[PDB]
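To start, the structure itself, in structure tokens.
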Protein chains: 2
Amino acid sequence: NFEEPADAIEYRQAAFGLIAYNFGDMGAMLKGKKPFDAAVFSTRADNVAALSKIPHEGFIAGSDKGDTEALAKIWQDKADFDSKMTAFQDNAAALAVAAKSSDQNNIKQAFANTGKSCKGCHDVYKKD
Amino acid sequence: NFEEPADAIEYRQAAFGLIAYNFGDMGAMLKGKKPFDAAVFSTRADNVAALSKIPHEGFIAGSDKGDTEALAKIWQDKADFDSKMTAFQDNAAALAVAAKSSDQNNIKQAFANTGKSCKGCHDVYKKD
Ligand code: HEC
Ligand code: HEC
């Protein structure tokens, strides 16, 4: 569905920028930068879970050139990339469900598990 | 939560781009331009319905200034803008429901109802 590689890059960059903004607001609440607000937290969690479904489609073959932070390694080891992306989606979904209840510890763990997805993929597949 | 106004603009622009990609793919399948897949159509509908809840947050006061196609009129009649935005969210949710059926006439009309949301806001609140 992408006419040019720049379109696939823009698609996936846009999605991750939206992810990072919404995920960072949950982090701010859990880290104590701002008070925990259950209603906003749940919107943020719902948003990350839905947005997690988006960027994978942009990682098309032949889109490592130009203005992207994606490494060529993605396409050398695509099944591992895909495994990490799936695990991220599943972790984000689990965070959304945790955010529908009051148990704070369950939220904290789900957030942490999701965060470990970001870092695990970042470390292998994104430019420093 | 935006560090600078330009970030609010970039945020809403990114969300609309992802809406347009997903909405456009659905339209292409209804209009004979690529093969119809009901599962993909459905998940795109679900993407649109979730994404429709994202861009509103970016329409902060003052952010008619900058690299934006948002008209200052947004903030002259933010009630009407917000009514249009929530109606969009409602029409997108309805399209996602319709897409869980095989009633093609209802799906075509749900798609048209959602497209009317796009046009109605575009015509009033976005630069030509
Ligand atoms: C691989 C399975 C990833 C997971 C899980 C997450 N991210 Fe990531 N992210 C990844 C890549 C390969 C890229 C580069 C995309 C490109 O073409 O440049 C990124 C990018 C980001 C960005 C930058 C977006 C931009 O404005 O260009 C951010 C802010 C970002 N990623 C954040 C992020 C967070 C918070 C994640 C977990 C909630 C996360 N990513 C997961 C690969 C992967
Ligand atoms: C008002 C309630 C809107 C509705 C409903 C929809 N859109 Fe829109 N869109 C709106 C504005 C004011 C803007 C300008 C944003 C800015 O700061 O420039 C936009 C922009 C877009 C874009 C361009 C995004 C970009 O890359 O800059 C697209 C592709 C877009 N809008 C598409 C779109 C579609 C398909 C919609 C219905 C499914 C839709 N928009 C609804 C205002 C509103």
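Backbone-built Cβ (ideal geometry, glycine too); neighbour counts: all protein chains shown. Here, each number is a calculation from the coordinates, and none is a lab measurement.
Please count how many residues of the range A:1-46 are of a type in the set (S, T, N, Q) and away from ligand 1 (no atom under 14 Å from the Cβ). Steps first, answer last, please.
Here is the first cut: in the range A:1-46, the residues of a type in the set (S, T, N, Q) are A:1, A:13, A:22, A:42-43.
Adding the requirement that they be away from ligand 1 (no atom under 14 Å from the Cβ) leaves A:1, A:42-43.
Going through the range A:1-46 one residue at a time, the tally reaches 3.
Return yes or no: is B:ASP82 among the acidic types (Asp, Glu) and near ligand 2 (Cβ under 9 Å from one of its atoms)?
Values: among the acidic types (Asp, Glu): yes; near ligand 2 (Cβ under 9 Å from one of its atoms): yes.
Against the criterion (among the acidic types (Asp, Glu) and near ligand 2 (Cβ under 9 Å from one of its atoms)), B:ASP82 qualifies.
Just to be sure before I move on: is A:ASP25 out of contact with any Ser or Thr (no Cβ under 7 Å at 6 or more places or on another chain), within 13 Å of chain B (Cβ to nearest Cβ), closer than 20 Å to B:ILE54 by Cα and loosely packed, with under 13 Cβ neighbours inside 10 Å in the structure I sent? First the steps, then the outcome.
Details: out of contact with any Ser or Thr (no Cβ under 7 Å at 6 or more places or on another chain): yes; within 13 Å of chain B (Cβ to nearest Cβ): yes; closer than 20 Å to B:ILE54 by Cα: yes; loosely packed, with under 13 Cβ neighbours inside 10 Å: no.
No, not satisfied.
Only residues that are surrounded by fewer than 21 Cβ atoms within 10 Å (Cβ to Cβ), under 23 Å from A:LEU95 (Cβ atoms) and of a type in the set (A, V, I, L, M): list them for the range A:37-78, please.
A:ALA38, A:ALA39, A:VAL40 - these are the residues of the range A:37-78 that are surrounded by fewer than 21 Cβ atoms within 10 Å (Cβ to Cβ), under 23 Å from A:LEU95 (Cβ atoms) and of a type in the set (A, V, I, L, M).
For the range A:39-84, give me the residue count where each residue is under 11 Å from the mean Cα position of the chain (by Cα) and away from every other protein chain (no Cβ under 14 Å).
Going through the range A:39-84 one residue at a time, the tally reaches 1.
Just one of A:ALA94, A:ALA87 is assigned to a helix (DSSP H, G or I), within 9 Å of ligand 1 (Cβ to nearest atom) and more than 14 Å from chain B (Cβ to nearest Cβ); which is it?
Criteria check complete, one pass: A:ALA87.
Name the residues in the range A:19-38 that are small (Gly, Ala, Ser) and over 18 Å from the mean Cα position of the chain (by Cα), would you?
Listed by number, the residues that qualify are A:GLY32, A:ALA38.
Mind checking whether some residue in the range A:87-104 is among the aromatic types (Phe, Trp, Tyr), on the phi < 0 side of the Ramachandran plot and in contact (Cβ under 8 Å) with a residue 40 or more places away in the chain?
No, because not a single residue in the range A:87-104 is among the aromatic types (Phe, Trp, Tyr), on the phi < 0 side of the Ramachandran plot and in contact (Cβ under 8 Å) with a residue 40 or more places away in the chain.
Which ones in the range B:1-60 are touching a residue at least 12 places away in the same chain (Cβ under 8 Å), within 17 Å of B:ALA96 (Cα to Cα) and in a loop (DSSP other than H, G, I, E, B)?
B:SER52, B:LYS53, B:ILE54
Restricting the search to the range B:55-64, which residues are more than 16 Å from B:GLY17 (Cβ to Cβ) and away from ligand 2 (no atom under 11 Å from the Cβ)?
B:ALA61, B:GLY62
Out of the range A:1-18, which residues are more than 7 Å from chain B (Cβ to nearest Cβ), within 15 Å of the chain's Cα centre (by Cα) and over 14 Å from B:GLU10 (Cβ atoms)?
Correct list: A:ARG12 only.
Quick check, is B:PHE23 within 7 Å of ligand 2 (Cβ to nearest atom) and more than 28 Å from B:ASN106 (Cβ to Cβ)? Walk me through how you get there before you give the answer.
Numbers: within 7 Å of ligand 2 (Cβ to nearest atom): yes; more than 28 Å from B:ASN106 (Cβ to Cβ): no.
When the stated conditions are applied, B:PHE23 does not pass them.
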